[PDB]
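S.K.: Structure for the following, please:
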Amino acid sequence: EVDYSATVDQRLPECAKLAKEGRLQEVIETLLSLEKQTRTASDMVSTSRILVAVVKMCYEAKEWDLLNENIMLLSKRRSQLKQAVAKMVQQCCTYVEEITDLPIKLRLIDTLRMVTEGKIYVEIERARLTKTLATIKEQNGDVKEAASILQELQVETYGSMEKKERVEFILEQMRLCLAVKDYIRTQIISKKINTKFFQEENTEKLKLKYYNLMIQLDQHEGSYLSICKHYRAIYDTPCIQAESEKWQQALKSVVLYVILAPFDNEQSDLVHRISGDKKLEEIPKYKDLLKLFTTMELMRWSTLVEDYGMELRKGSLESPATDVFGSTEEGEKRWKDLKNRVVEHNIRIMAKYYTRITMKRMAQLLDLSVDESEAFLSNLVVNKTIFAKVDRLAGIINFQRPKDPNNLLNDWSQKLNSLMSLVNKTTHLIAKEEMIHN
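M.R.: Residues are numbered from 1 along each chain as shown. Please find the structure below.
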């Protein structure tokens, strides 16, 4: 357009000197007139410098009220250039960072966040400023208010923000929600992160923070399998997989949580996947333990305790123990759940092999009293986990379902089919033997 350029180059140092002398209101009025001229001229580079010089002038002179009023007026000028306001806010957030006085900084943050509300070109600043506000509202107590302030920011919609900073914002939102114990909101916010982003270049810190936050979230609910998956995701990070003290702990937690997960197709598949790892040999006590949950035999709770409890609960100096079975309340609950998993595995094995078993023998093999074993079996039967009929009068447990004539005759027919196939295969093998020795 008219390209003022040097016109503001002449003015700005002069008004800066006058401001240092003490004249500000007249000087800021002169810059208001010059800003009007540039804005009508639509000179982006001149208007941005004018606004930046104005806010710097009101900042260096400690004119906090004047700075806030100038920000309000300059942001609200008619047909203001958006980039000029963006540069002005970018310069003002630096002053926000520099200011250490809490009330002045808070008022300046409020003004900046109210002038940048609902505007795309300053969405990043109002984001970062909000983060700063949240920090101020957390280091001074009142974590609930900081969580509420950072929660309303829909950072996933902010297109200009870098994906890395967006993920950092979501992680901070999740951490604040966890700090106020808002696990439902933590799940809702966790849904906003695509885990594939952690397969990219150097962002392993974000991956570790995200998966630790998810571990904390799922620990409260008790979803052991999800916790095991999260720990397995931590185990695959190159940073953790490069230090023994880190990947060993991660894999210890992986094993201890895949064991705690109730048996299903997914749990068995995960156990098989983990057992294929060779790094388990660096921690045999855990590896053998996993083998104990893979073998199709009875395992005794007393033997399991006397062989692994010290290595799991108290641990060793050479191999530190995870917090999975620590002395805290969560550790005690996980220990009880481990005993439940052991007895349930024993009941599964006893259902595969036994057809009928005495309640006394079942209690003896479960390291439980008759009443405790019967209650556990009843709980399993009601949940349709394991079929069993308890003739309590005779103290008998029947794992054998009544034989449908369809089922019996189908077993007979399957035997016939296998017999015929084996006869054919034997005939072919006989033909090969005839060929070889003729």
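S.K.: Can you tell me the closest non-neighbouring residue to residue 163?
M.R.: residue 197 (6.4 Å; C-beta to C-beta, 6 or more residues apart in numbering). Just so you know, the C-beta spots here come from the backbone N, C-alpha and C atoms, and that holds for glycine as well.
S.K.: show me where the stretch 101-250 of the chain has helices.
M.R.: 102-115, 123-139, 143-151, 163-179, 183-190, 204-221, 224-235, 244-260 (DSSP state H, counting those that start in this stretch).
S.K.: Reformat the ones you listed as a markdown table; add mean neighbour count.
M.R.: What follows is the helices of the stretch 101-250 of the chain, written out as a markdown table (neighbours: other C-beta atoms under 10 Å):
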| stretch | mean neighbour count |
| --- | --- |
| helix 102-115 | 17 |
| helix 123-139 | 19 |
| helix 143-151 | 20 |
| helix 163-179 | 20 |
| helix 183-190 | 18 |
| helix 204-221 | 19 |
| helix 224-235 | 22 |
| helix 244-260 | 21 |
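S.K.: Only the buried residues of stretch 274-294, if you could.
M.R.: Residues of stretch 274-294 classed as buried: 274, 280, 283, 285-287, 289-290, 292-293 (neighbour count, 16 or more other C-beta atoms under 10 Å).
S.K.: Okay, and which of those residues map to helices?
M.R.: 274, 285-287, 289-290, 292 (DSSP state H).
S.K.: quick check, nearest of those residues to residue 178?
M.R.: residue 274 (27.3 Å; C-beta to C-beta).
S.K.: Does that closest one touch residue 258 like I think?
M.R.: Yes - with contact defined as C-beta atoms under 8 Å, residue 274 counts as touching residue 258 (5.8 Å).
S.K.: Find residues that contact each of those two.
M.R.: Common contacts of residue 274 and residue 258 (C-beta atoms under 8 Å, 6 or more residues apart in numbering): residue 290.
S.K.: could the helices of the stretch 101-250 of the chain be laid out in a markdown table, adding distance to residue 49?
M.R.: Formatted as a markdown table, the helices of the stretch 101-250 of the chain follow (distance: least, C-beta to C-beta, whole Å):
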| stretch | distance to residue 49 |
| --- | --- |
| helix 102-115 | 19 |
| helix 123-139 | 18 |
| helix 143-151 | 33 |
| helix 163-179 | 27 |
| helix 183-190 | 40 |
| helix 204-221 | 37 |
| helix 224-235 | 49 |
| helix 244-260 | 50 |
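S.K.: Give me the neighbour count for the closest residue to residue 166 other than its chain neighbours.
M.R.: Nearest non-adjacent residue to residue 166, counting by C-beta to C-beta, 6+ apart: residue 155, 5.1 Å away. Neighbour count of residue 155, defined by other C-beta atoms under 10 Å: 22.
S.K.: mind listing what residue 155 touches?
M.R.: Contacts of residue 155 by C-beta under 8 Å, 6+ apart are 127, 161, 166, 169-170, 173, 192.
S.K.: before we move on, the earlier item: identify whichever of the helices of the stretch 101-250 of the chain lies nearest to residue 16.
M.R.: Here helix 102-115 is closest among the helices of the stretch 101-250 of the chain (C-beta to C-beta), at 21.2 Å.
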